[PDB]
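What the coordinates show
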Amino acid sequence: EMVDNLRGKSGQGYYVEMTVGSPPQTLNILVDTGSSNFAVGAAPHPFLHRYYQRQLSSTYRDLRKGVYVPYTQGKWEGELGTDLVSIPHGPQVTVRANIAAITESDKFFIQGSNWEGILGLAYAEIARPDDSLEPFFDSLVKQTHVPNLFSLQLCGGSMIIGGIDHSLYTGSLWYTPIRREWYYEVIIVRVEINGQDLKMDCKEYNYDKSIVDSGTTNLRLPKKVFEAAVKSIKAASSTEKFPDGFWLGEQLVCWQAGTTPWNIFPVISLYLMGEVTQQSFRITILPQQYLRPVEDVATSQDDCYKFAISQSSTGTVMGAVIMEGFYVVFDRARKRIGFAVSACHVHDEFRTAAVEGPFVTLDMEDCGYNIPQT
Ligand SMILES: CCNc1cc(C(=O)N[C@@H](Cc2ccccc2)[C@H](O)CNC2CCCCC2)cc(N2CCCC2=O)c1
């Protein structure tokens, strides 16, 4: 009953149905593993079809404190409070949770996204105002018997709370350690394009950090890694020349409907640290993931795409376009992230997204940018 409980797309986010308040107010809530605040629109907004009305809830408690939350894209401010929350197509339970009632926002809500709030699924360490504001999933685990784990299959898609659904993946689950519990931080040990090593000190791949983030669209890469990746992808696809603006994500590339030359674009392999010393596994990303379709009836004689790899000064972000086609297990209980090939991964009759291992590295350097436990 939890299968197919997500809707949405990489560009505007994936959301799940929730209720807040007594009596229950149903709202669509974006699932975001890249933040830790539960917040809902709570005042009229041009892009909102509905919003949380605290005056209709007898169980609302005002915490008499404001909160401001900035993201890479968008920001909002609101009033902190608590109320009863349920997930109709998740575990059948009710918990009292912190909720930020958004009263002001800028470039946060997305027109036509069909969601009205956001569910930050990361750890308290990064919650605003501070780590004393318990995140929703922490409250869920504390107040119910739900196992301390959830999994995401982004396609629609599924969020499985408290469990792993075998019907959602094929092959083996490979686990990489959560390096630190704030974001879902992981360690990349190697990057290949077209099978060719980028040949950097592996700490570069994780400067300042690397995270798994369902709330960000793109694969975002540290400047140095991004520039190396673009040069390698350019070289692989050199039979066609694109304007520099495409590579900057500032303009579309279009082909006649159905003629997209997938074969000229390379596969990208990200090797993630394994659970055992000097072992790793890789997840492989097809161009169907990193060239993101942009729907627009005006351009619809063509298929058009944005380049969904982009530069970051805040570390690697493995966003939705990476997570799509994988089943990703956020195993908080065992401090690890699991990857397997998704039942809904898109591909062609030549190449397939993969999760595979084990691979060994002879270089013993810690690929984490920061010294652990300091
Ligand atoms: C789904 C909408 N598309 C996005 C969203 C975000 C973004 O900032 N997402 C937030 C959540 C959010 C969700 C929906 C609307 C606003 C915010 C996440 O917490 C960041 N997590 C952070 C990321 C970095 C700091 C640490 C964790 C960045 C995008 N960008 C920016 C350029 C490339 C790209 O894809 C595209």
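By the method listed in its record, X-ray crystallography, this PDB entry was determined to a resolution of 1.60 Å.

As annotated in the PDB entry, the protein carries the name BETA-SECRETASE 1 and comes from Homo sapiens. Per UniProt, the comment on the protein under Sequence similarities is "Belongs to the peptidase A1 family."

Some details on the UniProt feature "disulfide bond" in the protein
Here the bond UniProt gives for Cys-202 and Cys-367 holds up, since the two sulfurs are only 2.0 Å apart. With a gap of 165 residues between them, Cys-202 in the loop between strand 14 (196-197) and strand 15 (210-212) and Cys-367 in the segment after strand 26 (354-360) connect regions that are remote in the sequence. Note on accessibility: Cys-202 and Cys-367 belong to one class, buried. A sulfur-sulfur distance of 2.0 Å is found between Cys-254 and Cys-304, whose disulfide is recorded in UniProt, and that is short enough to count the bridge as formed.

Considerations on the site of the ligand
Near the ligand there are 24 residues, and of these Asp-32, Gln-73, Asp-213, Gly-215 and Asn-218 occur at the shortest range. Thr-72 is positioned such that a nitrogen or oxygen atom in its backbone is 3.2 Å from an oxygen atom of the ligand. With respect to the ligand, the side chain of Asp-213 contributes an N or O atom lying 2.6 Å from a nitrogen atom. When the free accessible area of the ligand is taken as 750 Å², the share hidden by the protein chains comes to 90%. Class assignment for the residues of the shell around the ligand results in 8 nonpolar, 13 polar and 3 charged. Looking at the shell around the ligand, you find at least three residues from each of domain 1 (14-146) and domain 2 (147-374).

What to know about the sheet that holds strand 16 (residues 219-222)
Strands in a sheet are paired, the pairing made by backbone hydrogen bonds, and the direction either parallel or antiparallel. Across the sheet, 5 strands lie side by side as 12-15-23-16-22; this open sheet has mixed pairing. With one partner strand each, in any of the chains shown, strand 12 (185-186) and strand 22 (309-312) form the two edges of the open sheet. Two strands pair when backbone bridges link them, and strand 16 and strand 23 (residues 316-318) are joined in this way by 2 bridges, in the antiparallel orientation. Residue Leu-219 lies in a different strand from strand 23, and its bridge partner there is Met-318.

A closer look at the packing of aromatic side chains
Per the counting criterion, the structure on display carries 29 aromatic pairs. Here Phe-137 and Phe-150 contribute two aromatic rings whose centre-to-centre distance is 5.2 Å and whose plane-to-plane angle is 55 degrees, an arrangement assigned as tilted. Of this pair, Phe-137 sits in helix 1 (residues 136-143) while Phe-150 sits in strand 9 (residues 150-154); the two residues are 13 residues apart in sequence, bridging distant segments of the chain. Judged on exposure class, the residue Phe-137 and its partner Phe-150 are both buried. Three or more aromatic residues joined by ring pairs form one cluster here, namely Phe-242, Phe-246, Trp-247, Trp-255, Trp-262, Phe-265, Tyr-290, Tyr-305 and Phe-307. Above the face of the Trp-182 ring, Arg-180 is positioned so that its terminal group lies 3.5 Å from the ring centre.

Criteria and cut-off values
- Residues numbered from 1 in each chain as written, not as in the entry; some residues may be left out.
- Heavy atoms only, no water.
- Residues with missing side-chain atoms left out of burial classes, pairs and counts.
- UniProt positions renumbered as here; feature names shortened; annotations may be inferred.
- Disulfide = S-S within 2.5 Å.
- Helix = DSSP H or I, 4+ residues; strand = E, 2+ residues; numbered from the N terminus.
- Buried < 20%, exposed > 50% of the residue type's maximum accessible area, 1.4 Å probe, protein only.
- Near = heavy atom within 4 Å.
- Polar contact = N/O pair within 3.5 Å; in protein donor to acceptor, adjacent residues only side chain to side chain.
- Areas by Shrake-Rupley, 256 points an atom, 1.4 Å probe, with all protein chains shown as cover.
- Nonpolar A, V, L, I, M, F, W, Y, C, P; charged D, E, K, R; others polar.
- Domains from an automatic or database assignment.
- Pairing = 2+ DSSP bridges.
- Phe/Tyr/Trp six-rings, centres within 6.5 Å; stacked < 30°, edge-to-face > 60°.
- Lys NZ or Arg CZ within 6 Å of the ring centre and 35° of its normal.

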